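A.B. asks: I am attaching a structure below and will ask some questions about it afterwards.
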Amino acid sequence: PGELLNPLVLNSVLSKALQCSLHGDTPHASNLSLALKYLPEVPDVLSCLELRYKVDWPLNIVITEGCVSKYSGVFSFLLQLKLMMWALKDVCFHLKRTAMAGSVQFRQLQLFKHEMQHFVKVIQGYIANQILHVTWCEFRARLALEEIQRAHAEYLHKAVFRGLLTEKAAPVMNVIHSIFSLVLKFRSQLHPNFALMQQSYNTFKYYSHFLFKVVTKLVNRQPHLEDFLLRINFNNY
Amino acid sequence: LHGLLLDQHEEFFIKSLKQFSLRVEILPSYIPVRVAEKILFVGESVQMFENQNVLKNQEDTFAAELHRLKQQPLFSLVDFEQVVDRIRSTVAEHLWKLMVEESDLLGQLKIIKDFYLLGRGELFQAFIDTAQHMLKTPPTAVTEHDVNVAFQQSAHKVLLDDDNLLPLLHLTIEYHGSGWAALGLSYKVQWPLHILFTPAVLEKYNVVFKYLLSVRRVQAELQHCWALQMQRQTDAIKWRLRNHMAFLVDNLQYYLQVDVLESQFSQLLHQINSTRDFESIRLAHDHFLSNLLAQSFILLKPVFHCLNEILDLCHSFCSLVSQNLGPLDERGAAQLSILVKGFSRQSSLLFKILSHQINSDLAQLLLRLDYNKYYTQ
Amino acid sequence: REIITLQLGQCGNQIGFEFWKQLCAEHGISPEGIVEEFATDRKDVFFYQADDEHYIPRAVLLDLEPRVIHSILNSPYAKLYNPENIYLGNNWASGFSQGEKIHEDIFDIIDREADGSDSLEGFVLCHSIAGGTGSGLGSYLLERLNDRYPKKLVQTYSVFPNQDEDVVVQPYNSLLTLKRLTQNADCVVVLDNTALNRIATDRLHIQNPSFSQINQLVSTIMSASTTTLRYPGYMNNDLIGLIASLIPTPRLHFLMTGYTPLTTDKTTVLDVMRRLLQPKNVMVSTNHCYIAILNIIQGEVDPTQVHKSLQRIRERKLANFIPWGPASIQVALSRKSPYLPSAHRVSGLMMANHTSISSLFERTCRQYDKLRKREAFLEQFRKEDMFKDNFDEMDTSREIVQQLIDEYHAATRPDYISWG
C-alpha cells in the first residue's frame, strides 16, 4: 500500500485514538511512541506495530530498558488476534448486502462465517484471561528495593509464558497460523463462487479438531495450557 | 547457643539433622552418654528455629550460666547435667510451641486419617467406581492425570468439598514397575511441620493406604456380584452360598481394622494434648505405628500370606462372574470346587494363627465360634 | 457503540420508562438530567451528550391511544429524558394499518435522531408480542427500520405470548409479528411470562403485582447486557461481537434467558454456572441440544478460579451440544456496576441458542393451526379484512414458521450441513 510505510502516519492515528477513549493529556498517556517493525510484504496474518511506555527517572531504574521491548512484543500478539476480528467482520459485512429475501446461498455462507468468528472469539477470550487476570493477580498483589525488580521480572515472564509466545507451547501456536491463513483466503471472496470458501471452511474444521488433540496432549510437557483446550473446545472432542 | 563451631580439624565431641549429629565415640570418659543426648537436642533445635528466619533473649543468661560453670576447676557432674537440662527444657517447650501452633497439627492428622486411613467410605467408593477401568489395567504415563482428576471429581461427586490440603494430596503412579499395584499417595509439608512429617513416616503411611484400599475394593465387588445374581437353579444357588461364605470373614477383617484405627488415633491425640514435650510426640507416634503395624499383619508372614490369598481369589472370582449371567457348566463346577477348597484351607490356616495375644484380636475369633460352624470350617 | 432505544405500545413505554429510571438510579444522574459529582463511566451508549454536561438519554417515545403515557408523564423522571420526540389497537392488522398511515411523521422523528447522532450501532425495540398496541405497529415499524437502515443491528427485548390465555386472536398476531422478527431482525431475546411469574411467586407470595417485578427483571437484564459497554471492559463492547458467537445462521437467532439471583427485588463460579444451567433459573418454561452457550457475570469473582471452574464444568460433562459444529461454553466477565448498592453481589446472565425454544414455537404453531383450521377465533374482523381481503399473509407466515421449525429440528440432528 501507499500508506503505512513509515512510523509517522500510524503515529498520528494514536493521538486521534487517545481522544476517542477520553484518556488523553494525562501522565498515563505520556511517553507513547508508535512504530512498525516490518514493511507489509505478504495471507498477511502478521501485524507490524510497536507501542512503548516509559516513566520519570527515579522509577525508570526499576522498569528496565529491555522489558519495554517485550511489552511491544505481547502488544503485537494481541493485535495479530485483532486482525481476525477485522477481516471476519469484513467478510460478513460484504455478505450483509446480499441478503430480507435470502436463498440457500446466503444462509450456508453465513453458516461458514459463524464458526470462524467463534474460534477467534474464544482464543481472544483466552488471551484476555491469561495476560490480564491471572498474571495481573500476581502483579497487583505482588508489589511489596531489590524485591520490586524481582517481582516485576516475574510479571513479564508470566505474561509471555501464559500468552503461549514461548517455545514450550509453540506447537499449539503453529496450528493457529493454519486457521488464520484460511480465514485470510476466506476474506477475499464475498458471491464469486460459494464452494471456494466452503473448501477453506472444511480445511479449517480439520485444523480446529486437530488443535484440540495437540493442546490436550501438550499438558504432559503446563498447568496454564490446561485452560486452553477447554476454551477452544468445551465438551467437544 | 547457635550451632557454630570454633575448633576446626580437632574434635570437641560434637560435629538439625546430619552435618550437626553427635560423634559418640570420641567422648570423654567422665561424661555419660545421656548428657551428650541432651546437648545434641539443644544444638539441633536452636539451629532449627534459628535459621529460615532470614526468638529467645536468654542468650546472656545462658552465657553467664555456662561461664560460672566454666570457672570451677572441679568437675561437678550434677551441675553440668542440671544446667544443660535447664536450657533443654525451655528449648523443647519453645520448639513445641512453634510447630504446634503456627501451623496446626490437628488438620494434618485429620487429613492423614481421612485419606491414608480411609476415614470416609463414600468418597473412596465413588473413586473405585469411576476410575475402575483405568486402575484395573497396567500403568502408563498419561493415566496419572486421568485418575487424579477423577479423584478430585469423585470428591466433589459425594459433595465432600475442600480446596487447600486437597491439592497437596496428589496421586502417584510408578510406571515400568495392574495400576492398583503401584498406587501411592503423597502429601506435602511445610518447614515448621517438616521435622514431624519426615519422608520415613510418609512412606510408613503409604503401606497402610495400600492395604486398606485392597480390602475395601474386595468388599465392594463381592456385594456387587451377589447383587447381580439375586436380581435376575442349583449352580446359581451354590454361587451365592460361596459369596456369603467369603463375605463373613471379609467384613470381620475390615471391622477389626476399624477397631484398631479408633483405638490408636485417640491415644495419639491424648498424648499430644496432655503435655507440651517434644518427646511426647515422638513416643506417641512410635506407639501408634507399632500397634497398627501388628494389626495389619506384616510382622507375621504366614497370616499375611494367607489373607493375601483370600483377597486375591476374591479379586479373580468377582471379575470372572460379572461377565456372564447364567449358570456355568463350561468348567464352572471345576473352578468352583478348586476355589472352595483353597478358600477353606487358607481361612482355617489364618484362624489357627490368630488363635501378641491382644485381648480384642483373640476375642474377635470367638464370634464365628458362638456357633461352632467355623469350628468344622 | 451508540444505541437509541425505541419504545412503542403502552407496555413497551412502561418498560422503557422503567429502563430509564433504572439507568437514572444506576448512574450518577439526577432526574433533571444534571450530572452528579460521582458520575468515571462511559455514558455514550444510550445517553446523548447535551450542552451543560447533561447526559440526556436517547429515547424515542411513541404511543398508540395513550392511557399509561399520561402517568409516565406524571413523574419527575419525565424531565430527565425526552429531547422532543413526542407524538400523539388490540389487533395486529389494526395496529399495522394505524402505523401505515402515520409512517412519515414517525420516520421524521427517527430521521431527526439519526442525523443528530455522531454514530449508531443498534436499535432496541421494547414492546410485547400480541399485546395490542405493540403488535402490528411494531412489525410495520420493524419493516421500515430494516428497509431504511441496513447498516445497523436490530435487537428485540420482547416477551412471547405464553400466559395460557378472552383474547383468542393472539396466535395470529404473534405469528405475523414472528415472520417479521425472523426475516427483519438479527437478534430477539425471548422470555416466558409464566416462568417469570413462577419465580416471582416463588420468592414472595404475590398474585397481582407480578408485572411491576417483571419490569424490574427486564430492566436488570437490559442493563446487564450493556454493563460491559457503559463500564470499561475488554470484549463484546461491540454488540455484534456478542451477537455473532451465538447465531450460526440468521434464522436461529433466539436466545434463552437465565439470571442466577432469583430473589433480587461470595459463591464459587462453577456453582453458579451449574445453577444458571437449570431451567429453574432459566426464564423460559425428544432431546434438544444447545447450539452455542455464552454467559455473562458481574460481581465478586476470583480471577484465577475461572480456569479451574471452566475445567470443572468441562469435566462435569453436564450439557449435551450439537454434533456438526465446534462450539464452546464461553465464559465472559464484566464489571459490577458502581454508584449503586452492591447487594446480591454475584449476578450472572446467560445467552444461549437452544433448540428447546422450538418446542414452545411448535406449541404456538399447533395452537395457530388448530384455531385457523377451525376458523371460529379469527372471526373475519374488518381490520383484518381491510388489511387483506384474501388472508394469504397468515399462510405466508405459516410457511415461514414451518420452514423455521424444520430448520430447528434439522439443526438438532447432525445433518444440518445440508440445508433443511
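Ordering of the C-alpha cells sets the chain letters (A, B, ...), residue numbers begin anew at 1 in every chain, and ligands are numbered from 1 in the order given.
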Could you produce a table of the residues of chain A lying within 8 Å of chain C, with the nearest pair of atoms per residue and their separation in Å rounded to one decimal, using only C-alpha atoms, ordered by chain and increasing residue number, as JSON lines?

C.D. replies:
```
{"residue": "A:97", "atom": "CA", "partner": "C:150", "partner_atom": "CA", "distance": 7.9}
{"residue": "A:100", "atom": "CA", "partner": "C:183", "partner_atom": "CA", "distance": 5.3}
{"residue": "A:101", "atom": "CA", "partner": "C:183", "partner_atom": "CA", "distance": 7.6}
{"residue": "A:104", "atom": "CA", "partner": "C:419", "partner_atom": "CA", "distance": 7.1}
{"residue": "A:107", "atom": "CA", "partner": "C:249", "partner_atom": "CA", "distance": 5.8}
{"residue": "A:108", "atom": "CA", "partner": "C:249", "partner_atom": "CA", "distance": 7.3}
{"residue": "A:110", "atom": "CA", "partner": "C:249", "partner_atom": "CA", "distance": 5.8}
{"residue": "A:111", "atom": "CA", "partner": "C:249", "partner_atom": "CA", "distance": 5.1}
{"residue": "A:114", "atom": "CA", "partner": "C:248", "partner_atom": "CA", "distance": 5.2}
{"residue": "A:115", "atom": "CA", "partner": "C:248", "partner_atom": "CA", "distance": 7.2}
{"residue": "A:117", "atom": "CA", "partner": "C:245", "partner_atom": "CA", "distance": 6.8}
{"residue": "A:118", "atom": "CA", "partner": "C:245", "partner_atom": "CA", "distance": 5.3}
{"residue": "A:121", "atom": "CA", "partner": "C:245", "partner_atom": "CA", "distance": 7.4}
{"residue": "A:122", "atom": "CA", "partner": "C:330", "partner_atom": "CA", "distance": 6.8}
{"residue": "A:125", "atom": "CA", "partner": "C:332", "partner_atom": "CA", "distance": 7.5}
{"residue": "A:128", "atom": "CA", "partner": "C:234", "partner_atom": "CA", "distance": 7.5}
{"residue": "A:133", "atom": "CA", "partner": "C:303", "partner_atom": "CA", "distance": 5.6}
{"residue": "A:134", "atom": "CA", "partner": "C:304", "partner_atom": "CA", "distance": 5.7}
{"residue": "A:137", "atom": "CA", "partner": "C:303", "partner_atom": "CA", "distance": 7.0}
{"residue": "A:209", "atom": "CA", "partner": "C:326", "partner_atom": "CA", "distance": 7.9}
{"residue": "A:226", "atom": "CA", "partner": "C:311", "partner_atom": "CA", "distance": 8.0}
{"residue": "A:227", "atom": "CA", "partner": "C:307", "partner_atom": "CA", "distance": 5.4}
{"residue": "A:230", "atom": "CA", "partner": "C:311", "partner_atom": "CA", "distance": 6.4}
{"residue": "A:231", "atom": "CA", "partner": "C:328", "partner_atom": "CA", "distance": 7.0}
{"residue": "A:232", "atom": "CA", "partner": "C:328", "partner_atom": "CA", "distance": 6.8}
{"residue": "A:233", "atom": "CA", "partner": "C:328", "partner_atom": "CA", "distance": 5.4}
{"residue": "A:234", "atom": "CA", "partner": "C:328", "partner_atom": "CA", "distance": 4.4}
{"residue": "A:235", "atom": "CA", "partner": "C:314", "partner_atom": "CA", "distance": 5.6}
{"residue": "A:236", "atom": "CA", "partner": "C:326", "partner_atom": "CA", "distance": 6.9}
```

A.B. asks: Include C-alpha atoms and write out the residues we just selected as a short mmCIF file (atom, residue, chain, number, x, y, z; two decimals), in the first residue's frame.

C.D. replies:
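The resulting file, selection.cif, is shown below:
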```cif
data_model
loop_
_atom_site.label_atom_id
_atom_site.label_comp_id
_atom_site.auth_asym_id
_atom_site.auth_seq_id
_atom_site.Cartn_x
_atom_site.Cartn_y
_atom_site.Cartn_z
CA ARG A 97 -25.68 -6.54 1.37
CA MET A 100 -34.74 -9.99 3.86
CA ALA A 101 -35.33 -12.31 0.88
CA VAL A 104 -29.73 -21.26 0.27
CA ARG A 107 -27.63 -18.90 4.88
CA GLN A 108 -24.99 -21.56 4.24
CA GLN A 110 -23.11 -17.30 6.99
CA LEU A 111 -23.11 -20.86 8.41
CA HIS A 114 -20.11 -18.08 12.33
CA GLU A 115 -17.65 -20.76 13.46
CA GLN A 117 -15.85 -15.84 14.27
CA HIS A 118 -16.41 -18.26 17.16
CA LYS A 121 -13.73 -15.12 19.85
CA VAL A 122 -12.66 -17.89 22.21
CA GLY A 125 -11.03 -14.57 25.31
CA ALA A 128 -7.93 -11.74 27.51
CA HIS A 133 -6.41 -11.55 35.03
CA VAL A 134 -4.05 -14.23 36.36
CA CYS A 137 -3.27 -11.24 40.07
CA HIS A 209 -10.43 -30.55 15.61
CA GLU A 226 -4.86 -26.86 30.68
CA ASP A 227 -7.29 -23.94 30.31
CA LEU A 230 -11.12 -26.12 27.47
CA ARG A 231 -11.59 -22.69 25.95
CA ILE A 232 -11.19 -23.79 22.34
CA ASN A 233 -13.43 -26.82 22.76
CA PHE A 234 -15.90 -27.18 25.54
CA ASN A 235 -17.42 -30.64 25.97
CA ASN A 236 -16.41 -31.47 22.43
#
```

A.B. asks: Tell me as a PyMOL selection string which residues belonging to chain A come within 10 Å of chain B, counting only C-alpha atoms.

C.D. replies: chain A and resi 217+219-220

A.B. asks: Output N, CA and C atoms for every residue in that selection, as a PDB file, in the first residue's frame.

C.D. replies:
```pdb
ATOM      1  N   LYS A 217      -2.781 -33.117  24.416  1.00  0.00           N
ATOM      2  CA  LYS A 217      -1.568 -33.908  24.581  1.00  0.00           C
ATOM      3  C   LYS A 217      -0.422 -33.087  25.180  1.00  0.00           C
ATOM      4  N   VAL A 219      -0.314 -31.098  27.635  1.00  0.00           N
ATOM      5  CA  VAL A 219      -0.326 -30.827  29.067  1.00  0.00           C
ATOM      6  C   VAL A 219       0.768 -31.637  29.768  1.00  0.00           C
ATOM      7  N   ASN A 220       1.222 -32.739  29.157  1.00  0.00           N
ATOM      8  CA  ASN A 220       2.226 -33.609  29.768  1.00  0.00           C
ATOM      9  C   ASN A 220       3.607 -32.956  29.799  1.00  0.00           C
TER      10      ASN A 220
END
```

A.B. asks: If we count only C-alpha atoms, what is near residue 155 (chain A) at a cut-off of 7 Å, once residues fewer than 3 positions away on the same chain are taken out, given as a ChimeraX atom specification?

C.D. replies: /A:135,139,151-152,158-159

A.B. asks: Can you check which parts of chain B lie within 12 Å of chain C? Per residue, the shortest pair of atoms and distance in Å to one decimal, counting only C-alpha atoms, sorted by chain and number, as CSV.

C.D. replies:
```
residue,atom,partner,partner_atom,distance
B:146,CA,C:315,CA,10.8
B:149,CA,C:315,CA,8.5
B:150,CA,C:315,CA,9.0
B:152,CA,C:312,CA,9.7
B:153,CA,C:316,CA,7.8
B:154,CA,C:316,CA,10.3
B:156,CA,C:312,CA,9.8
B:157,CA,C:316,CA,9.4
B:159,CA,C:271,CA,12.0
B:161,CA,C:268,CA,11.7
B:162,CA,C:268,CA,11.9
B:163,CA,C:308,CA,11.3
```

A.B. asks: With N, CA and C atoms retained, could you export that selection as a compact mmCIF listing (two decimals), in the first residue's frame?

C.D. replies:
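Just written: selection15.txt:
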```txt
# COMPACT_ATOMS: atom_id res chain seq x y z
N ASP B 146 -5.39 -38.63 34.56
CA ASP B 146 -6.77 -39.09 34.45
C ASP B 146 -7.32 -39.53 35.80
N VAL B 149 -7.67 -36.40 38.23
CA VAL B 149 -8.85 -35.55 38.03
C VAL B 149 -10.12 -36.33 38.36
N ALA B 150 -10.11 -37.65 38.19
CA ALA B 150 -11.22 -38.47 38.67
C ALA B 150 -11.29 -38.46 40.19
N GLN B 152 -10.39 -35.99 42.21
CA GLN B 152 -10.98 -34.74 42.67
C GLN B 152 -12.47 -34.66 42.31
N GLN B 153 -12.83 -35.17 41.13
CA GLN B 153 -14.22 -35.11 40.68
C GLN B 153 -15.13 -35.99 41.54
N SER B 154 -14.63 -37.14 42.00
CA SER B 154 -15.43 -38.00 42.87
C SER B 154 -15.62 -37.39 44.25
N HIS B 156 -15.84 -34.20 44.73
CA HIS B 156 -16.96 -33.29 44.51
C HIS B 156 -18.28 -34.02 44.26
N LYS B 157 -18.22 -35.27 43.79
CA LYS B 157 -19.43 -36.01 43.46
C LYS B 157 -20.18 -36.44 44.71
N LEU B 159 -20.06 -34.67 47.27
CA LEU B 159 -20.21 -33.34 47.85
C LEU B 159 -19.50 -33.27 49.20
N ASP B 161 -16.54 -31.26 49.91
CA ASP B 161 -15.70 -30.31 49.20
C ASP B 161 -14.78 -29.53 50.14
N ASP B 162 -13.56 -29.30 49.65
CA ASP B 162 -12.50 -28.58 50.33
C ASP B 162 -11.41 -28.30 49.30
N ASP B 163 -10.91 -27.07 49.26
CA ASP B 163 -9.72 -26.72 48.50
C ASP B 163 -8.64 -26.43 49.53
```

A.B. asks: Could you give me, as number ranges by chain, each residue of region 261-376 of chain B that DSSP assigns to alpha helix (DSSP H) when run on this structure's backbone?

C.D. replies: B: 261-273, 279-295, 301-321, 332-354, 359-363

A.B. asks: Go through C:63, C:258, C:112, C:165 and flag the residue nearest residue 127 (chain C), using only C-alpha atoms for the distances.

C.D. replies: C:63

A.B. asks: Here is a test: counting only C-alpha atoms, which residue of C:339, C:160, C:254, C:172 is nearest to residue 375 (chain C)?

C.D. replies: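 Once distances to residue 375 (chain C) are computed over only C-alpha atoms, the minimum belongs to C:172.
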
A.B. asks: Skip region 177-194 of chain B itself and residues of its chain fewer than 4 positions away, then list as a PyMOL selection string all residues within 6 Å of it, counting only C-alpha atoms.

C.D. replies: chain B and resi 99+135-139+168-173

A.B. asks: Okay, now the selection with N, CA and C atoms, as a PDB file, in the first residue's frame?

C.D. replies:
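New file selection_27.pdb:
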```
ATOM      1  N   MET B  99       5.927 -25.311  66.320  1.00  0.00           N
ATOM      2  CA  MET B  99       5.352 -26.292  65.400  1.00  0.00           C
ATOM      3  C   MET B  99       3.856 -26.489  65.630  1.00  0.00           C
ATOM      4  N   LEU B 135      -7.448 -47.965  36.514  1.00  0.00           N
ATOM      5  CA  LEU B 135      -6.539 -48.505  37.508  1.00  0.00           C
ATOM      6  C   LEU B 135      -6.482 -50.018  37.465  1.00  0.00           C
ATOM      7  N   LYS B 136      -7.542 -50.660  36.975  1.00  0.00           N
ATOM      8  CA  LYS B 136      -7.539 -52.111  36.845  1.00  0.00           C
ATOM      9  C   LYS B 136      -6.474 -52.577  35.863  1.00  0.00           C
ATOM     10  N   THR B 137      -6.271 -51.827  34.812  1.00  0.00           N
ATOM     11  CA  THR B 137      -5.334 -52.122  33.746  1.00  0.00           C
ATOM     12  C   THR B 137      -3.948 -51.581  34.088  1.00  0.00           C
ATOM     13  N   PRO B 138      -2.890 -52.171  33.509  1.00  0.00           N
ATOM     14  CA  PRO B 138      -1.490 -51.769  33.812  1.00  0.00           C
ATOM     15  C   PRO B 138      -1.203 -50.294  33.576  1.00  0.00           C
ATOM     16  N   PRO B 139      -0.179 -49.749  34.236  1.00  0.00           N
ATOM     17  CA  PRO B 139       0.050 -48.302  34.196  1.00  0.00           C
ATOM     18  C   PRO B 139       0.757 -47.820  32.937  1.00  0.00           C
ATOM     19  N   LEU B 168      -2.555 -30.829  47.847  1.00  0.00           N
ATOM     20  CA  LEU B 168      -1.349 -31.422  48.415  1.00  0.00           C
ATOM     21  C   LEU B 168      -1.393 -32.941  48.317  1.00  0.00           C
ATOM     22  N   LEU B 169      -2.570 -33.522  48.525  1.00  0.00           N
ATOM     23  CA  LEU B 169      -2.788 -34.940  48.265  1.00  0.00           C
ATOM     24  C   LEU B 169      -2.831 -35.151  46.762  1.00  0.00           C
ATOM     25  N   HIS B 170      -1.741 -35.668  46.212  1.00  0.00           N
ATOM     26  CA  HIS B 170      -1.593 -35.872  44.781  1.00  0.00           C
ATOM     27  C   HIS B 170      -1.324 -37.346  44.530  1.00  0.00           C
ATOM     28  N   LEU B 171      -2.092 -37.940  43.618  1.00  0.00           N
ATOM     29  CA  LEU B 171      -1.924 -39.350  43.300  1.00  0.00           C
ATOM     30  C   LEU B 171      -0.601 -39.586  42.581  1.00  0.00           C
ATOM     31  N   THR B 172      -0.033 -40.771  42.796  1.00  0.00           N
ATOM     32  CA  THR B 172       1.255 -41.132  42.220  1.00  0.00           C
ATOM     33  C   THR B 172       1.172 -42.522  41.614  1.00  0.00           C
ATOM     34  N   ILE B 173       1.781 -42.681  40.440  1.00  0.00           N
ATOM     35  CA  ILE B 173       1.826 -43.956  39.732  1.00  0.00           C
ATOM     36  C   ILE B 173       3.248 -44.162  39.230  1.00  0.00           C
TER      37      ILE B 173
END
```

A.B. asks: Using CA of residue 346 (chain C) and CA of residue 270 (chain C) as the two end points, give the distance in Å to one decimal.

C.D. replies: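 According to the coordinates, CA of residue 346 (chain C) and CA of residue 270 (chain C) are separated by 12.1 Å.
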
A.B. asks: Extract, using only C-alpha atoms, all DNA, RNA and protein residues at most 9 Å from residue 219 (chain C), discarding same-chain residues fewer than 3 positions from it, and format them as a PyMOL selection string.

C.D. replies: chain C and resi 15-16+18-20+22-23+214-216+222-224

A.B. asks: Using only C-alpha atoms, which residues sit within 8 Å of region 313-325 of chain B once same-chain residues fewer than 4 positions away are excluded, as a JSON list (two decimals) with N, CA and C atoms, in the first residue's frame?

C.D. replies:
```
[["chain", "number", "residue", "atom", "x", "y", "z"],
["B", 218, "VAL", "N", -12.21, -55.20, 47.56],
["B", 218, "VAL", "CA", -12.76, -56.56, 47.67],
["B", 218, "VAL", "C", -14.17, -56.52, 48.23],
["B", 221, "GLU", "N", -16.75, -55.20, 45.57],
["B", 221, "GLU", "CA", -17.06, -56.00, 44.39],
["B", 221, "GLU", "C", -17.76, -57.31, 44.73],
["B", 222, "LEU", "N", -17.50, -57.87, 45.92],
["B", 222, "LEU", "CA", -18.19, -59.10, 46.33],
["B", 222, "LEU", "C", -19.70, -58.88, 46.43],
["B", 225, "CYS", "N", -21.27, -58.54, 42.98],
["B", 225, "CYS", "CA", -21.54, -59.85, 42.39],
["B", 225, "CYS", "C", -22.83, -60.45, 42.94],
["B", 228, "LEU", "N", -25.79, -58.85, 41.59],
["B", 228, "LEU", "CA", -26.07, -59.16, 40.19],
["B", 228, "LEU", "C", -26.80, -60.49, 40.07],
["B", 229, "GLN", "N", -26.43, -61.46, 40.91],
["B", 229, "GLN", "CA", -27.06, -62.78, 40.77],
["B", 229, "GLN", "C", -28.45, -62.81, 41.37],
["B", 309, "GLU", "N", -3.96, -64.47, 49.95],
["B", 309, "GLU", "CA", -4.64, -65.42, 49.06],
["B", 309, "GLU", "C", -6.15, -65.24, 49.11],
["B", 339, "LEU", "N", -11.86, -73.40, 44.13],
["B", 339, "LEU", "CA", -11.91, -72.18, 44.93],
["B", 339, "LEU", "C", -12.41, -72.45, 46.34]]
```

A.B. asks: Any chance you could list, as an MDAnalysis selection string, the residues in region 83-226 of chain C that come up strand (DSSP E or B) when DSSP is run on the backbone?

C.D. replies: chainID C and resid 122:126 153:160 187:192

A.B. asks: Using only C-alpha atoms, which residue out of C:31, C:161, C:83, C:414 lies closest to residue 109 (chain C)?

C.D. replies: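 Using only C-alpha atoms, the shortest distance to residue 109 (chain C) belongs to C:83.
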